[PDB]
Protein chains: 2
Amino acid sequence: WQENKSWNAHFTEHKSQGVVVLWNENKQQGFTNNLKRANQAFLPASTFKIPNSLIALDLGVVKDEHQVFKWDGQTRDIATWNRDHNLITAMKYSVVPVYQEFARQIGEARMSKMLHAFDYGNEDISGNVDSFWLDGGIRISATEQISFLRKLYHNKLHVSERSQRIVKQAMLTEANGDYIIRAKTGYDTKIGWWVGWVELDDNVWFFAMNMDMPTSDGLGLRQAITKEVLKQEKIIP
Amino acid sequence: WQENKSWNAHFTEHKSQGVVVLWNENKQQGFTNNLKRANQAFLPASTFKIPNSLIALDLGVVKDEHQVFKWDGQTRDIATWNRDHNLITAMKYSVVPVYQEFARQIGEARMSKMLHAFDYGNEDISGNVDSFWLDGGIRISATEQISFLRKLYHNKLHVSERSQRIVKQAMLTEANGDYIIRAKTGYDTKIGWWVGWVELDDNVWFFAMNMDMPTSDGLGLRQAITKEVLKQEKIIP
Ligand code: NA
Ligand code: NA
Ligand code: NA
């Protein structure tokens with residue numbers, strides 16, 4: 001692990017504070033602007049959709065990325081939520097109600113057992129079974145997110161290979177001739193997250209970032225600051 | 001099927017001639033600028049890399065998208081070919097020697113049986129087992145490319161689901177907040193190809209295009225013209 005404080009200028013430039021963690025898979029080396037915060041644990045919020053999806057697929061709660069999760073007829077503030085969804089759109093729009101239903105069907109016992117099998121964060125599901133990742137006891141750090149993602153990337157998690165391939169497909173965020181990003185956003189009213197990885201032709205760079213997010217004003221910063229770090233390190237052009 | 005000659009404006013504006021074929025999956029309806037050229041069969045060239053990959057995966061000739069195909073040590077004109085590759089980079093840079101090796105390992109008998117099971121084009125693999133898609137007997141039309149691709153999209157081809165998911169991952173070309181394109185380019189001395197699909201939140205649009213390609217100058221037009229048509233049809237912004 002190497003600390004590079006020069007990344008802090010990207011945060012300063014945006015009147016923000018946070019951590020970016022990068023892992024170079026080929027070199028097995030990590031880099032971050034703040035080693036201490038890199039190892040501090042926070043509520044995952046919607047980044048929890050990654051393990052939740054995996055578990056739901058492995059248990060058959062979700063069949064595949066095409067199955068329709070019918071809208072439950074309750075109108076909610078976020079317009080995109082008020083419609084039918086599949087795994088791809090549910091991830092893309094972070095549709096909380098669909099995942100809450102998943103969590104209820106999974107149940108606390110299977111949920112707790114799976115997170116333990118995954119070595120996921122503090123592995124604590126205390127609170128409501130359908131909301132612990134938003135306001136309950138579970139915590140994970142940026143470095144822990146990287147460890148978890150590395151296992152997912154290599155199909156090493158304790159679910160089927162098929163479930164893992166499907167979730168990586170659903171994580172697809174951006175792709176062009178230069179790179180591919182597979183990732184998940186999250187935010188909880190105190191912290192904003194972006195975790196995932198960048199696929200290059202001959203390497204993979206895992207990333208996990210979080211930042212203080214007093215208002216939702218700055219949500220776009222999660223990707224922007226990360227990309228500035230990626231640009232500075234020449235990972236993307 | 002519906003003919004839209006207005007699309008010809010995009011070809012002529014580039015001093016070009018060709019066909020674009022679109023299929024709206026939800027509505028089960030197709031659109032083309034030239035109904036007859038849509039059904040004209042040509043050598044598939046590198047678009048054959050899609051069935052070739054599926055077969056190699058299903059037979060274990062390829063383990064997965066990470067397996068290294070070591071460079072055989074012969075230097076060829078295209079700089080990107082002269083290195084080790086995996087399925088992702090082999091597709092991205094259309095690395096013919098790797099696929100030629102796959103074809104030799106698959107062998108004529110299994111190749112022929114699989115293309116028949118695929119209902120692929122004219123199913124004719126004469127003569128050279130490692131070059132028939134470049135100079136041999138096989139011919140496929142833009143509409144036939146679409147039929148094959150629709151089966152691949154739904155995991156309905158007669159190979160494992162896993163094989164189909166891996167090849168679709170390897171087809172990934174472009175992705176953003178508005179769309180995902182999975183596709184494969186091809187070109188022989190005479191014609192250039194682009195075939196694949198556009199994933200939207202609530203629909204999939206299949207496409208297959210081919211155009212006259214007297215020089216390799218114009219290869220960029222395969223994507224550009226196709227995108228102008230997608231833009232016109234309001235499929236992408
Ligand atoms: Na690793
Ligand atoms: Na910025
Ligand atoms: Na044009």
# chains A, B, ... in the order shown; residues from 1 in each chain; ligands from 1
>>> calpha_fit_and_write(fixed="chain A", moving="chain B", output="PDB file with C-alpha atoms, in the first residue's frame")
ATOM      1  CA  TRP B   1       0.051   0.086  -0.030  1.00  0.00           C
ATOM      2  CA  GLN B   2       1.065   3.587  -1.068  1.00  0.00           C
ATOM      3  CA  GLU B   3      -0.382   6.954   0.014  1.00  0.00           C
ATOM      4  CA  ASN B   4      -0.685   9.682  -2.632  1.00  0.00           C
ATOM      5  CA  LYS B   5      -1.773  12.972  -1.075  1.00  0.00           C
ATOM      6  CA  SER B   6      -1.676  14.725  -4.456  1.00  0.00           C
ATOM      7  CA  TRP B   7      -5.108  13.160  -5.092  1.00  0.00           C
ATOM      8  CA  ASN B   8      -6.453  15.365  -2.310  1.00  0.00           C
ATOM      9  CA  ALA B   9      -6.219  18.194  -4.829  1.00  0.00           C
ATOM     10  CA  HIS B  10      -9.153  16.675  -6.686  1.00  0.00           C
ATOM     11  CA  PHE B  11     -11.340  16.652  -3.538  1.00  0.00           C
ATOM     12  CA  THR B  12     -10.417  20.133  -2.275  1.00  0.00           C
ATOM     13  CA  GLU B  13     -10.851  21.636  -5.740  1.00  0.00           C
ATOM     14  CA  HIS B  14     -14.490  20.599  -5.354  1.00  0.00           C
ATOM     15  CA  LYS B  15     -14.750  21.776  -1.691  1.00  0.00           C
ATOM     16  CA  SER B  16     -15.045  18.116  -0.819  1.00  0.00           C
ATOM     17  CA  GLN B  17     -13.497  15.474   1.377  1.00  0.00           C
ATOM     18  CA  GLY B  18     -13.222  11.724   0.848  1.00  0.00           C
ATOM     19  CA  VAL B  19     -11.090   8.767  -0.153  1.00  0.00           C
ATOM     20  CA  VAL B  20     -10.299   6.983  -3.407  1.00  0.00           C
ATOM     21  CA  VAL B  21      -8.700   3.567  -3.221  1.00  0.00           C
ATOM     22  CA  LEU B  22      -7.177   1.846  -6.233  1.00  0.00           C
ATOM     23  CA  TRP B  23      -5.824  -1.679  -6.587  1.00  0.00           C
ATOM     24  CA  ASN B  24      -3.591  -2.693  -9.488  1.00  0.00           C
ATOM     25  CA  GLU B  25      -4.443  -6.355 -10.017  1.00  0.00           C
ATOM     26  CA  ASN B  26      -1.396  -7.364 -12.075  1.00  0.00           C
ATOM     27  CA  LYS B  27       1.054  -5.825  -9.635  1.00  0.00           C
ATOM     28  CA  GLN B  28      -0.999  -6.609  -6.514  1.00  0.00           C
ATOM     29  CA  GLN B  29      -0.456  -3.082  -5.242  1.00  0.00           C
ATOM     30  CA  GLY B  30      -2.758  -0.480  -3.780  1.00  0.00           C
ATOM     31  CA  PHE B  31      -2.906   3.301  -3.782  1.00  0.00           C
ATOM     32  CA  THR B  32      -4.955   5.744  -1.763  1.00  0.00           C
ATOM     33  CA  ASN B  33      -5.068   9.458  -0.836  1.00  0.00           C
ATOM     34  CA  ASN B  34      -5.917   8.613   2.784  1.00  0.00           C
ATOM     35  CA  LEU B  35      -4.786   5.317   4.249  1.00  0.00           C
ATOM     36  CA  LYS B  36      -6.945   5.630   7.365  1.00  0.00           C
ATOM     37  CA  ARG B  37     -10.226   6.651   5.664  1.00  0.00           C
ATOM     38  CA  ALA B  38      -9.516   3.787   3.244  1.00  0.00           C
ATOM     39  CA  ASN B  39     -10.068   1.423   6.178  1.00  0.00           C
ATOM     40  CA  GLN B  40     -13.003   3.295   7.715  1.00  0.00           C
ATOM     41  CA  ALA B  41     -16.239   1.336   7.547  1.00  0.00           C
ATOM     42  CA  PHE B  42     -19.559   2.888   6.544  1.00  0.00           C
ATOM     43  CA  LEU B  43     -23.111   1.807   5.725  1.00  0.00           C
ATOM     44  CA  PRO B  44     -22.937   0.389   2.198  1.00  0.00           C
ATOM     45  CA  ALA B  45     -26.262   1.910   1.030  1.00  0.00           C
ATOM     46  CA  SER B  46     -26.989   0.909  -2.595  1.00  0.00           C
ATOM     47  CA  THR B  47     -23.515  -0.648  -3.054  1.00  0.00           C
ATOM     48  CA  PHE B  48     -25.167  -3.520  -1.127  1.00  0.00           C
ATOM     49  CA  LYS B  49     -27.117  -4.162  -4.284  1.00  0.00           C
ATOM     50  CA  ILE B  50     -24.108  -6.203  -5.498  1.00  0.00           C
ATOM     51  CA  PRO B  51     -24.186  -8.968  -2.779  1.00  0.00           C
ATOM     52  CA  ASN B  52     -27.990  -8.733  -2.548  1.00  0.00           C
ATOM     53  CA  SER B  53     -28.233  -9.536  -6.296  1.00  0.00           C
ATOM     54  CA  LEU B  54     -25.768 -12.403  -6.027  1.00  0.00           C
ATOM     55  CA  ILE B  55     -27.689 -13.981  -3.186  1.00  0.00           C
ATOM     56  CA  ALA B  56     -31.090 -13.503  -4.791  1.00  0.00           C
ATOM     57  CA  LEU B  57     -29.800 -15.158  -8.004  1.00  0.00           C
ATOM     58  CA  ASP B  58     -28.152 -18.060  -6.232  1.00  0.00           C
ATOM     59  CA  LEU B  59     -31.367 -18.774  -4.292  1.00  0.00           C
ATOM     60  CA  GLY B  60     -33.671 -18.350  -7.297  1.00  0.00           C
ATOM     61  CA  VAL B  61     -35.371 -15.268  -5.843  1.00  0.00           C
ATOM     62  CA  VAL B  62     -34.248 -13.749  -9.158  1.00  0.00           C
ATOM     63  CA  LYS B  63     -34.366 -15.973 -12.258  1.00  0.00           C
ATOM     64  CA  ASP B  64     -32.119 -13.899 -14.493  1.00  0.00           C
ATOM     65  CA  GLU B  65     -31.473 -10.371 -15.791  1.00  0.00           C
ATOM     66  CA  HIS B  66     -34.750 -10.414 -17.854  1.00  0.00           C
ATOM     67  CA  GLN B  67     -37.215 -11.334 -15.127  1.00  0.00           C
ATOM     68  CA  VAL B  68     -39.724  -8.604 -14.444  1.00  0.00           C
ATOM     69  CA  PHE B  69     -40.162  -7.238 -10.977  1.00  0.00           C
ATOM     70  CA  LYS B  70     -43.635  -5.794 -11.203  1.00  0.00           C
ATOM     71  CA  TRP B  71     -44.101  -2.400  -9.614  1.00  0.00           C
ATOM     72  CA  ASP B  72     -45.911  -2.851  -6.289  1.00  0.00           C
ATOM     73  CA  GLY B  73     -48.170   0.108  -7.092  1.00  0.00           C
ATOM     74  CA  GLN B  74     -46.908   2.454  -4.365  1.00  0.00           C
ATOM     75  CA  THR B  75     -45.670   5.768  -5.790  1.00  0.00           C
ATOM     76  CA  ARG B  76     -42.284   6.878  -4.397  1.00  0.00           C
ATOM     77  CA  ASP B  77     -40.369  10.149  -4.825  1.00  0.00           C
ATOM     78  CA  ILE B  78     -37.841   8.930  -7.396  1.00  0.00           C
ATOM     79  CA  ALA B  79     -39.704   8.786 -10.711  1.00  0.00           C
ATOM     80  CA  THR B  80     -37.677   5.902 -12.139  1.00  0.00           C
ATOM     81  CA  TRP B  81     -38.722   3.611  -9.282  1.00  0.00           C
ATOM     82  CA  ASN B  82     -42.452   3.695 -10.102  1.00  0.00           C
ATOM     83  CA  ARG B  83     -42.466   1.148 -12.914  1.00  0.00           C
ATOM     84  CA  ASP B  84     -41.632  -2.458 -13.680  1.00  0.00           C
ATOM     85  CA  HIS B  85     -37.937  -3.243 -13.592  1.00  0.00           C
ATOM     86  CA  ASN B  86     -35.477  -6.017 -14.332  1.00  0.00           C
ATOM     87  CA  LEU B  87     -32.066  -6.617 -12.735  1.00  0.00           C
ATOM     88  CA  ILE B  88     -30.318  -4.332 -15.223  1.00  0.00           C
ATOM     89  CA  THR B  89     -32.596  -1.326 -14.710  1.00  0.00           C
ATOM     90  CA  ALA B  90     -32.982  -2.048 -10.986  1.00  0.00           C
ATOM     91  CA  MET B  91     -29.240  -1.666 -10.628  1.00  0.00           C
ATOM     92  CA  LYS B  92     -28.916   1.254 -12.969  1.00  0.00           C
ATOM     93  CA  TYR B  93     -31.545   3.332 -11.130  1.00  0.00           C
ATOM     94  CA  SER B  94     -30.773   1.845  -7.662  1.00  0.00           C
ATOM     95  CA  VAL B  95     -34.406   0.811  -7.196  1.00  0.00           C
ATOM     96  CA  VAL B  96     -34.575   0.149  -3.476  1.00  0.00           C
ATOM     97  CA  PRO B  97     -38.088  -1.327  -3.218  1.00  0.00           C
ATOM     98  CA  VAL B  98     -37.220  -4.257  -5.531  1.00  0.00           C
ATOM     99  CA  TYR B  99     -34.189  -5.165  -3.418  1.00  0.00           C
ATOM    100  CA  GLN B 100     -36.166  -4.783  -0.202  1.00  0.00           C
ATOM    101  CA  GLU B 101     -38.558  -7.380  -1.563  1.00  0.00           C
ATOM    102  CA  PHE B 102     -35.567  -9.589  -2.458  1.00  0.00           C
ATOM    103  CA  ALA B 103     -34.247  -9.265   1.082  1.00  0.00           C
ATOM    104  CA  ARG B 104     -37.594 -10.266   2.591  1.00  0.00           C
ATOM    105  CA  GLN B 105     -37.718 -13.338   0.349  1.00  0.00           C
ATOM    106  CA  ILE B 106     -34.100 -14.266   1.150  1.00  0.00           C
ATOM    107  CA  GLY B 107     -34.885 -13.871   4.857  1.00  0.00           C
ATOM    108  CA  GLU B 108     -32.540 -13.083   7.795  1.00  0.00           C
ATOM    109  CA  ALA B 109     -31.038 -16.534   8.212  1.00  0.00           C
ATOM    110  CA  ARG B 110     -29.894 -17.057   4.626  1.00  0.00           C
ATOM    111  CA  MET B 111     -28.813 -13.400   4.326  1.00  0.00           C
ATOM    112  CA  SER B 112     -26.586 -13.669   7.384  1.00  0.00           C
ATOM    113  CA  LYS B 113     -25.091 -16.965   6.293  1.00  0.00           C
ATOM    114  CA  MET B 114     -24.301 -15.657   2.810  1.00  0.00           C
ATOM    115  CA  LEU B 115     -22.640 -12.427   4.028  1.00  0.00           C
ATOM    116  CA  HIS B 116     -20.512 -14.565   6.308  1.00  0.00           C
ATOM    117  CA  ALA B 117     -19.595 -16.810   3.384  1.00  0.00           C
ATOM    118  CA  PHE B 118     -18.835 -13.625   1.428  1.00  0.00           C
ATOM    119  CA  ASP B 119     -16.631 -12.239   4.283  1.00  0.00           C
ATOM    120  CA  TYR B 120     -18.545  -9.029   3.605  1.00  0.00           C
ATOM    121  CA  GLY B 121     -17.659  -6.027   5.770  1.00  0.00           C
ATOM    122  CA  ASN B 122     -18.583  -6.583   9.425  1.00  0.00           C
ATOM    123  CA  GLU B 123     -21.222  -9.235   8.446  1.00  0.00           C
ATOM    124  CA  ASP B 124     -23.740  -7.645  10.804  1.00  0.00           C
ATOM    125  CA  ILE B 125     -27.307  -7.612   9.549  1.00  0.00           C
ATOM    126  CA  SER B 126     -29.068  -6.073  12.572  1.00  0.00           C
ATOM    127  CA  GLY B 127     -31.880  -5.078  12.621  1.00  0.00           C
ATOM    128  CA  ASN B 128     -34.424  -4.725   9.795  1.00  0.00           C
ATOM    129  CA  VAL B 129     -34.055  -7.536   7.250  1.00  0.00           C
ATOM    130  CA  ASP B 130     -35.176  -5.241   4.410  1.00  0.00           C
ATOM    131  CA  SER B 131     -33.323  -2.102   5.460  1.00  0.00           C
ATOM    132  CA  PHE B 132     -30.183  -3.038   7.410  1.00  0.00           C
ATOM    133  CA  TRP B 133     -27.884  -1.806   4.620  1.00  0.00           C
ATOM    134  CA  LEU B 134     -29.554   1.611   4.740  1.00  0.00           C
ATOM    135  CA  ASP B 135     -30.023   2.171   8.491  1.00  0.00           C
ATOM    136  CA  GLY B 136     -28.888  -0.999  10.255  1.00  0.00           C
ATOM    137  CA  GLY B 137     -25.793  -2.669  11.671  1.00  0.00           C
ATOM    138  CA  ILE B 138     -23.768  -3.467   8.586  1.00  0.00           C
ATOM    139  CA  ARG B 139     -20.558  -1.504   7.860  1.00  0.00           C
ATOM    140  CA  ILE B 140     -17.951  -1.915   5.134  1.00  0.00           C
ATOM    141  CA  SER B 141     -14.720  -0.040   4.331  1.00  0.00           C
ATOM    142  CA  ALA B 142     -13.327   0.923   0.940  1.00  0.00           C
ATOM    143  CA  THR B 143     -10.548  -1.693   1.289  1.00  0.00           C
ATOM    144  CA  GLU B 144     -13.121  -4.356   2.305  1.00  0.00           C
ATOM    145  CA  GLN B 145     -15.220  -3.382  -0.743  1.00  0.00           C
ATOM    146  CA  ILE B 146     -12.146  -3.990  -2.885  1.00  0.00           C
ATOM    147  CA  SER B 147     -11.505  -7.447  -1.330  1.00  0.00           C
ATOM    148  CA  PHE B 148     -15.110  -8.510  -2.022  1.00  0.00           C
ATOM    149  CA  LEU B 149     -14.983  -7.119  -5.578  1.00  0.00           C
ATOM    150  CA  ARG B 150     -11.764  -8.918  -6.405  1.00  0.00           C
ATOM    151  CA  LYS B 151     -13.408 -12.199  -5.444  1.00  0.00           C
ATOM    152  CA  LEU B 152     -16.448 -11.356  -7.610  1.00  0.00           C
ATOM    153  CA  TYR B 153     -14.245 -10.462 -10.552  1.00  0.00           C
ATOM    154  CA  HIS B 154     -12.590 -13.917 -10.377  1.00  0.00           C
ATOM    155  CA  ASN B 155     -15.831 -15.868  -9.756  1.00  0.00           C
ATOM    156  CA  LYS B 156     -14.382 -16.922  -6.413  1.00  0.00           C
ATOM    157  CA  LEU B 157     -17.367 -15.974  -4.216  1.00  0.00           C
ATOM    158  CA  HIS B 158     -19.322 -18.876  -2.762  1.00  0.00           C
ATOM    159  CA  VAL B 159     -22.292 -18.722  -5.156  1.00  0.00           C
ATOM    160  CA  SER B 160     -22.680 -20.176  -8.663  1.00  0.00           C
ATOM    161  CA  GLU B 161     -20.440 -18.905 -11.475  1.00  0.00           C
ATOM    162  CA  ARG B 162     -23.609 -18.015 -13.338  1.00  0.00           C
ATOM    163  CA  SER B 163     -24.796 -15.787 -10.507  1.00  0.00           C
ATOM    164  CA  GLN B 164     -21.500 -13.925 -10.544  1.00  0.00           C
ATOM    165  CA  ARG B 165     -21.508 -13.450 -14.328  1.00  0.00           C
ATOM    166  CA  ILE B 166     -25.084 -12.117 -14.258  1.00  0.00           C
ATOM    167  CA  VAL B 167     -24.330  -9.576 -11.492  1.00  0.00           C
ATOM    168  CA  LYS B 168     -21.157  -8.453 -13.299  1.00  0.00           C
ATOM    169  CA  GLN B 169     -23.253  -7.924 -16.441  1.00  0.00           C
ATOM    170  CA  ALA B 170     -25.712  -5.865 -14.351  1.00  0.00           C
ATOM    171  CA  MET B 171     -22.797  -3.751 -12.953  1.00  0.00           C
ATOM    172  CA  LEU B 172     -21.880  -2.588 -16.463  1.00  0.00           C
ATOM    173  CA  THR B 173     -21.663   1.239 -16.347  1.00  0.00           C
ATOM    174  CA  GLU B 174     -19.444   2.469 -19.154  1.00  0.00           C
ATOM    175  CA  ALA B 175     -17.491   1.006 -22.047  1.00  0.00           C
ATOM    176  CA  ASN B 176     -15.488   2.251 -25.000  1.00  0.00           C
ATOM    177  CA  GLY B 177     -12.345   1.399 -26.992  1.00  0.00           C
ATOM    178  CA  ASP B 178     -10.087   2.345 -24.091  1.00  0.00           C
ATOM    179  CA  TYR B 179     -11.817   0.821 -21.037  1.00  0.00           C
ATOM    180  CA  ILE B 180     -14.742  -0.916 -19.400  1.00  0.00           C
ATOM    181  CA  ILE B 181     -16.182   0.118 -16.026  1.00  0.00           C
ATOM    182  CA  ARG B 182     -18.382  -2.173 -13.944  1.00  0.00           C
ATOM    183  CA  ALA B 183     -19.509  -0.500 -10.740  1.00  0.00           C
ATOM    184  CA  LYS B 184     -22.237   0.446  -8.277  1.00  0.00           C
ATOM    185  CA  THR B 185     -23.052   3.829  -6.730  1.00  0.00           C
ATOM    186  CA  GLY B 186     -24.497   4.302  -3.264  1.00  0.00           C
ATOM    187  CA  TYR B 187     -25.456   7.146  -0.991  1.00  0.00           C
ATOM    188  CA  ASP B 188     -27.058   7.657   2.399  1.00  0.00           C
ATOM    189  CA  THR B 189     -27.747  11.038   3.989  1.00  0.00           C
ATOM    190  CA  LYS B 190     -23.976  11.339   4.974  1.00  0.00           C
ATOM    191  CA  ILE B 191     -21.672   9.685   2.518  1.00  0.00           C
ATOM    192  CA  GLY B 192     -21.653   8.754  -1.153  1.00  0.00           C
ATOM    193  CA  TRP B 193     -19.956   5.720  -2.647  1.00  0.00           C
ATOM    194  CA  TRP B 194     -18.706   4.467  -5.982  1.00  0.00           C
ATOM    195  CA  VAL B 195     -17.151   1.007  -6.143  1.00  0.00           C
ATOM    196  CA  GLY B 196     -16.162  -1.292  -8.982  1.00  0.00           C
ATOM    197  CA  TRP B 197     -13.365  -1.824 -11.451  1.00  0.00           C
ATOM    198  CA  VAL B 198     -11.812  -0.690 -14.728  1.00  0.00           C
ATOM    199  CA  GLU B 199     -11.038  -3.431 -17.245  1.00  0.00           C
ATOM    200  CA  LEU B 200      -8.118  -2.645 -19.570  1.00  0.00           C
ATOM    201  CA  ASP B 201      -6.796  -4.895 -22.353  1.00  0.00           C
ATOM    202  CA  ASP B 202      -4.031  -6.245 -20.093  1.00  0.00           C
ATOM    203  CA  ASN B 203      -4.954  -5.284 -16.517  1.00  0.00           C
ATOM    204  CA  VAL B 204      -7.806  -4.620 -14.114  1.00  0.00           C
ATOM    205  CA  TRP B 205      -7.906  -1.695 -11.698  1.00  0.00           C
ATOM    206  CA  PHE B 206     -10.265  -2.106  -8.729  1.00  0.00           C
ATOM    207  CA  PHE B 207     -11.599   1.019  -7.100  1.00  0.00           C
ATOM    208  CA  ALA B 208     -13.623   2.036  -4.109  1.00  0.00           C
ATOM    209  CA  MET B 209     -14.327   5.615  -3.159  1.00  0.00           C
ATOM    210  CA  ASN B 210     -16.458   7.354  -0.631  1.00  0.00           C
ATOM    211  CA  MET B 211     -16.931  11.060   0.094  1.00  0.00           C
ATOM    212  CA  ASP B 212     -18.825  13.336   2.429  1.00  0.00           C
ATOM    213  CA  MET B 213     -22.222  14.084   0.940  1.00  0.00           C
ATOM    214  CA  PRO B 214     -24.133  16.628   3.075  1.00  0.00           C
ATOM    215  CA  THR B 215     -26.437  17.353   0.168  1.00  0.00           C
ATOM    216  CA  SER B 216     -27.566  15.288  -2.855  1.00  0.00           C
ATOM    217  CA  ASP B 217     -26.338  18.226  -4.928  1.00  0.00           C
ATOM    218  CA  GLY B 218     -22.904  16.776  -5.233  1.00  0.00           C
ATOM    219  CA  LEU B 219     -23.732  13.186  -6.217  1.00  0.00           C
ATOM    220  CA  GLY B 220     -22.072  13.574  -9.631  1.00  0.00           C
ATOM    221  CA  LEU B 221     -18.760  14.139  -7.884  1.00  0.00           C
ATOM    222  CA  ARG B 222     -18.554  10.460  -6.965  1.00  0.00           C
ATOM    223  CA  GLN B 223     -17.781   9.533 -10.586  1.00  0.00           C
ATOM    224  CA  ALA B 224     -16.072  12.777 -11.559  1.00  0.00           C
ATOM    225  CA  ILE B 225     -13.504  12.783  -8.778  1.00  0.00           C
ATOM    226  CA  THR B 226     -12.847   9.093  -9.299  1.00  0.00           C
ATOM    227  CA  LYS B 227     -12.222   9.725 -12.992  1.00  0.00           C
ATOM    228  CA  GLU B 228      -9.861  12.599 -12.247  1.00  0.00           C
ATOM    229  CA  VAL B 229      -7.796  10.228 -10.186  1.00  0.00           C
ATOM    230  CA  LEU B 230      -7.853   7.559 -12.926  1.00  0.00           C
ATOM    231  CA  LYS B 231      -6.840  10.214 -15.416  1.00  0.00           C
ATOM    232  CA  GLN B 232      -3.965  11.382 -13.214  1.00  0.00           C
ATOM    233  CA  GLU B 233      -2.690   7.796 -12.825  1.00  0.00           C
ATOM    234  CA  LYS B 234      -2.860   7.373 -16.609  1.00  0.00           C
ATOM    235  CA  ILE B 235      -5.300   4.463 -16.192  1.00  0.00           C
ATOM    236  CA  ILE B 236      -7.711   6.124 -18.640  1.00  0.00           C
ATOM    237  CA  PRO B 237      -6.887   8.840 -21.162  1.00  0.00           C
TER     238      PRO B 237
END
>>> select_by_dssp(residues="range 75-229 of chain B", states="strand (DSSP E)", output="JSON, numbers by chain")
{"B": [140, 141, 172, 173, 174, 175, 180, 181, 182, 183, 184, 185, 186, 187, 191, 192, 193, 194, 195, 196, 197, 198, 199, 204, 205, 206, 207, 208, 209, 210, 211, 212]}
>>> write_last_selection(atoms="C-alpha atoms", output="PDB file, in the first residue's frame")
ATOM      1  CA  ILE B 140     -24.588 -15.247 -44.710  1.00  0.00           C
ATOM      2  CA  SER B 141     -27.051 -12.384 -45.286  1.00  0.00           C
ATOM      3  CA  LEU B 172     -19.289  -5.678 -25.666  1.00  0.00           C
ATOM      4  CA  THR B 173     -18.383  -2.605 -27.774  1.00  0.00           C
ATOM      5  CA  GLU B 174     -19.909   0.491 -26.222  1.00  0.00           C
ATOM      6  CA  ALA B 175     -21.963   1.394 -23.175  1.00  0.00           C
ATOM      7  CA  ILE B 180     -25.360  -0.728 -24.666  1.00  0.00           C
ATOM      8  CA  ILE B 181     -23.959  -2.075 -27.944  1.00  0.00           C
ATOM      9  CA  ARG B 182     -22.704  -5.639 -28.329  1.00  0.00           C
ATOM     10  CA  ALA B 183     -21.400  -6.294 -31.822  1.00  0.00           C
ATOM     11  CA  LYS B 184     -18.724  -7.614 -34.167  1.00  0.00           C
ATOM     12  CA  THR B 185     -17.082  -5.942 -37.170  1.00  0.00           C
ATOM     13  CA  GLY B 186     -15.847  -7.791 -40.234  1.00  0.00           C
ATOM     14  CA  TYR B 187     -14.285  -6.973 -43.560  1.00  0.00           C
ATOM     15  CA  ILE B 191     -17.429  -5.662 -48.193  1.00  0.00           C
ATOM     16  CA  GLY B 192     -17.423  -4.490 -44.592  1.00  0.00           C
ATOM     17  CA  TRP B 193     -19.808  -5.651 -41.893  1.00  0.00           C
ATOM     18  CA  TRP B 194     -21.095  -4.555 -38.518  1.00  0.00           C
ATOM     19  CA  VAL B 195     -23.578  -6.794 -36.718  1.00  0.00           C
ATOM     20  CA  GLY B 196     -24.963  -6.871 -33.197  1.00  0.00           C
ATOM     21  CA  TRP B 197     -27.583  -5.196 -31.069  1.00  0.00           C
ATOM     22  CA  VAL B 198     -28.465  -2.127 -29.010  1.00  0.00           C
ATOM     23  CA  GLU B 199     -29.801  -2.789 -25.513  1.00  0.00           C
ATOM     24  CA  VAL B 204     -33.482  -4.433 -27.839  1.00  0.00           C
ATOM     25  CA  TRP B 205     -32.725  -3.374 -31.404  1.00  0.00           C
ATOM     26  CA  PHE B 206     -30.840  -5.938 -33.506  1.00  0.00           C
ATOM     27  CA  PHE B 207     -28.786  -4.668 -36.398  1.00  0.00           C
ATOM     28  CA  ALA B 208     -26.802  -6.001 -39.291  1.00  0.00           C
ATOM     29  CA  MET B 209     -25.159  -3.829 -41.897  1.00  0.00           C
ATOM     30  CA  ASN B 210     -22.824  -4.372 -44.763  1.00  0.00           C
ATOM     31  CA  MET B 211     -21.346  -1.915 -47.264  1.00  0.00           C
ATOM     32  CA  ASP B 212     -19.064  -1.857 -50.266  1.00  0.00           C
TER      33      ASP B 212
END
>>> select_by_dssp(residues="range 53-168 of chain B", states="alpha helix (DSSP H)", output="VMD selection string")
chain B and resid 53 to 58 87 to 92 96 to 106 108 to 118 132 to 135 142 to 153 161 to 168
